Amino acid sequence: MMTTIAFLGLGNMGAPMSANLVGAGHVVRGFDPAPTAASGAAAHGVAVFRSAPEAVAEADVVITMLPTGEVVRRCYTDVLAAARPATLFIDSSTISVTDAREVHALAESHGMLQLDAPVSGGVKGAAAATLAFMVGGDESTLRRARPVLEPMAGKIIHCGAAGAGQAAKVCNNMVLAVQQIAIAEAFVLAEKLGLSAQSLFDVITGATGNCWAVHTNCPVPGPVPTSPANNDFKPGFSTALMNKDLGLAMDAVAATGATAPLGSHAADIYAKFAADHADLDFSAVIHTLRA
């Protein structure tokens, strides 16, 4: 149903997400403290406001799409008292599980409904409205939120209680990072063995080793012409963002006392690579295994 939505954070993800909500007939009230972000969002039909409290004042739903837990926490502290009681808050930022539960609790103590709904699919998913939302919180609250999320989404998955969205995401992305390094390692070893890249591709993809890091993101040019390796390692999914998600994985590991040997090794590998190659697709880590 047609709803008034405050959208806080109108950057690379926020702006195309808000555009799709405008497209779907929603009244969208935006705030972003970077005026260039606000401007682009305004051009696609977002009513932009001077302050986050103002955007929130007349909203049935408040979406945050923000860079860090700290920024989300700060935003919530600024805006929750300005919101009408029992407003629905959706945080679609990617933040630590700890941060997520903290801000969830904060929202509920102000009388607001709240979900964590971080997304995968990147800017291209965002623009095409094919993002996967991975949701933590009450089933009934998600029920309410569904018609707001659908115009932005390819998939909506209920993961469990508050924080389970962030948890599911960060677990997947840790696995992914490990797979991307492992695939790169196999391709270089193959090369040193005289096994052709095409041959190795055909085998792994036909065998138990198959995974998106090879079938879609193949780190050598040729076998999958759409993969970033064929395009100077243009993201795609940048090393900067993978390194962020791995930091959040390591936060979760630290918070739980879990043991994740390879997840953590992959974290240290991507952190070193991020220093000088933050801008390249995460499949570019193959470069560290050659010469």
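Just count from 1 along the sequence shown to find any residue number.
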Look over 135-143 and 175-183 in the entry and identify the one with the greater average Cα temperature factor.
135-143
Taking only the CA atoms, which stretch has the higher mean B-factor in the record, 154-162 or 92-100?
154-162
Going by the deposited entry, which of 115, 213, 86, 148 has the highest CA temperature factor?
148
Which third, lowest, middle or highest, does the CA B-factor of residue 37 fall in along this chain?
middle
If you rank every modelled residue in this chain by C-alpha B factor, which third holds residue 284: lowest, middle or highest?
lowest
What third of its chain, lowest, middle or highest, does the C-alpha temperature factor of residue 228 fall into?
highest
Comparing against every modelled residue in the chain, figure out the third that the C-alpha B-factor of residue 235 lands in (lowest, middle or highest).
highest
Chain third (lowest, middle, highest) by recorded CA B-factor, residue given as residue 57
highest
